[PDB]
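Colleague: 3D model of this:
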Amino acid sequence: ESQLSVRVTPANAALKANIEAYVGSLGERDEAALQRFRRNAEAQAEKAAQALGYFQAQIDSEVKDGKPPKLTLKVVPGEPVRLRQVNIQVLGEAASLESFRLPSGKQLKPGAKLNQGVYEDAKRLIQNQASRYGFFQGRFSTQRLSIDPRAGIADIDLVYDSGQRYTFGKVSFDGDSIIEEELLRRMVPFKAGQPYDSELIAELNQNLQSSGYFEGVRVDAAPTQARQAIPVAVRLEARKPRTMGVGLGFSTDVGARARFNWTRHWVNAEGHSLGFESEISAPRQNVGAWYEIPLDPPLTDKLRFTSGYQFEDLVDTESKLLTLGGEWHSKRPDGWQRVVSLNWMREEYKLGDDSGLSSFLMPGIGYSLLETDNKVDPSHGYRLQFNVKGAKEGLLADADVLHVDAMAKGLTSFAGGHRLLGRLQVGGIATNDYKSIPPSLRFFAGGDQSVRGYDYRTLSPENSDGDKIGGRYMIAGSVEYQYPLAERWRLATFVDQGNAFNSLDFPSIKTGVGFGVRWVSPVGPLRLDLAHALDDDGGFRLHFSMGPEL
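Modeller: Residues are numbered from 1 along each chain as shown. Please see the structure below:
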């Protein structure tokens, strides 16, 4: 490919890049072909100069045969054209719209060197926001750019009569969906007669998409239609009534792991949902079923009934756990969800060599918040989770219980690609009968997502015989720092501290030091860490994990 060369005296990288852009590829042209190509080359170059405000540029062209060949354009810019008059006006209703950005910046103040493209940028901005906010009757009354290369003067005149702002018309629903329009309309994030906003149409689209009820949605409403109302057309393609799913995963904690789901995304016209799910790992097997009923609002408020069975053989404990539950989800505009559920549990538990059996009916509630840059490659996000529950003995309970659990995950990124990670977890169980307290209610620490350097669930107080039986309280606190090595490749350096225990005064928090590497795989995030344990007899340990950072 015959080398093309741009020389600017005196240096102007923008001009050089622009000329290198309009000139384009020379290809594998020999000397002769380049000689034919010279006039085109100079023409393009002077277009680029005119595009940057440069109207008195001396442009000459050299051709030199070689391996490969080359053509040297000499540009000698001269002083450019600067703005005199700049009148950018948005009239009509839009004049009073808060979030309607007017064209601004250094490049549009009088005296600045004129770039050709900047004007069209301003125009595009105005029309893009016009279209975003439903100013479909917006017409340019004035579009004028005026340039005199001699004396170097340029005038801008953009007068934009926006006309009336449209509003949402009626919303119509068609398609082979059996979902009642009563439900569908309650997940429209706008009422008719409300000022148009295309991001509200987007919100409607994503709403309908997320309900799970369909395999396809057609949400459209081009400017159409005397106040002027924009009708909104929604068409729905019913999803396959049943669906199967299988997933594979691996971990240092539990080893090889399999997930399965069997979902029924709509059972009836009221939008009820059915589900089954299971997971298989060497140290843990579980099966679960669920039923959901949308309340009001349908998307953020719902009832969820659940059941489950789980076998677990981990460290020094075994457990067969049966559970039933009713849940009430409601989410406020913050991003805070509140789950209010009642759970019943019956635990078959072998702790070390001591066999227990106990039963519980615990009223509990939870709140969750999550704000992310999202959704598979978050640049910063915060997750906050809080769950508490209780057992009143006599009232279908073998003991009292006060199970408090809290978890936070933070991420921030600074500058040219650095990431800071923060995790904290804490939990306290209270009771008047610890022996009656089953494993699921006791607290375990350590492992990949807790305190690296230590194997899964090995941080727990020991019993008389040295078997890890579970703590009354626990904590973890972790921090991770990532350095960009490549796209999809980050470096990691982390500190971890944690330890579960029976006495608040003696936490004995085990420290963990370690470094690893994160790869975004074409199957998902992968994290391979190498952690040195600082406490007890702290050898070295390899941790592996998959999933989102938050």
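
Colleague: hey, let's count contacts and neighbours off CA atoms from now on
Modeller: Noted.

Colleague: next one: phi and psi at residue 122?
Modeller: The phi and psi torsions at residue 122 (degrees, to the nearest 10) take the values phi -60, psi -50.

Colleague: show me the residues around it that make contact.
Modeller: Counting by Cα atoms under 8 Å, 6 or more residues apart in numbering, residue 122 touches residue 103.

Colleague: can you check residue 64 too?
Modeller: Applying Cα under 8 Å, 6+ apart to residue 64 gives the contacts 31, 70, 71, 72.

Colleague: quick one, what contacts the spatially most central residue of the chain?
Modeller: By Cα atoms, centre = their mean, the chain has its centre lying nearest to residue 374, at 0.9 Å. Contact partners of residue 374, counting by Cα under 8 Å, 6+ apart, are residue 381.

Colleague: and it, that one's in a helix?
Modeller: No - counting by DSSP: H, G, I helix; E, B strand; the rest coil, one finds residue 374 to be coil, located in no helix.

Colleague: Secondary structure element for residue 236, which one?
Modeller: strand 229-238 (DSSP states H and E).

Colleague: picking up where we left off before, in strands only, show me the contacts of residue 64.
Modeller: Judged by DSSP state E, strands contain the following of these: 70, 71, 72.

Colleague: tell me what the lengthiest helix in the chain is packed against?
Modeller: Under DSSP state H, the helix in the chain containing the largest number of residues is helix 31-51. Packed against helix 31-51, as judged by 3 or more Cα pairs under 8 Å, 6 or more residues apart in numbering; DSSP states H and E, are the following elements: helix 13-23, strand 58-64, helix 116-132.

Colleague: before we move on, back to that, the strand holding residue 236 pairs with which strands?
Modeller: Sheet pairing of strand 229-238 (DSSP bridges) gives strand 167-175 (parallel), strand 214-220 (antiparallel).

Colleague: Can you check which of those gets nearest to residue 440?
Modeller: Closest approach to residue 440 among these (Cα to Cα): strand 214-220, 37.6 Å.

Colleague: What residues of the closest one count as buried?
Modeller: 214, 217, 218, 219 (16 or more other Cα atoms under 10 Å).

Colleague: In JSON lines: the strands paired with strand 229-238, plus distance to residue 61.
Modeller: What follows is the strands paired with strand 229-238, written out as JSON lines (distance: least, Cα to Cα, whole Å):
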{"stretch": "strand 167-175", "distance to residue 61": "58"}
{"stretch": "strand 214-220", "distance to residue 61": "53"}
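
Colleague: Ok, which of these comes nearest residue 132?
Modeller: Nearest of the strands paired with strand 229-238 (Cα to Cα): strand 167-175, 12.2 Å.

Colleague: Now the closest one - C-alpha only, PDB.
Modeller: Below are the C-alpha coordinates for strand 167-175, written out as PDB (Å, rounded to 0.1, in the frame of the first residue of the first chain):
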ATOM      1  CA  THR A 167     -48.200  14.500  23.900                       C
ATOM      2  CA  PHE A 168     -48.800  10.800  24.400                       C
ATOM      3  CA  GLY A 169     -52.000   9.700  22.700                       C
ATOM      4  CA  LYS A 170     -53.900   6.500  23.400                       C
ATOM      5  CA  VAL A 171     -52.000   3.200  23.900                       C
ATOM      6  CA  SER A 172     -53.200   0.300  21.800                       C
ATOM      7  CA  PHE A 173     -52.500  -3.400  22.300                       C
ATOM      8  CA  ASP A 174     -52.700  -6.100  19.600                       C
ATOM      9  CA  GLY A 175     -51.200  -9.500  19.300                       C
END
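
Colleague: any idea how far the next helix or strand after it is from the chain center?
Modeller: Under the assignment DSSP H and E, the closest C-terminal helix or strand after strand 167-175 is helix 181-185. Chain-centre distance of helix 181-185: 28 Å, with Cα atoms, centre = their mean, to the nearest Å.

Colleague: List the contacts of helix 181-185.
Modeller: For helix 181-185, contacts defined as Cα under 8 Å, 6+ apart pick out 171, 173, 208, 270, 271, 298.
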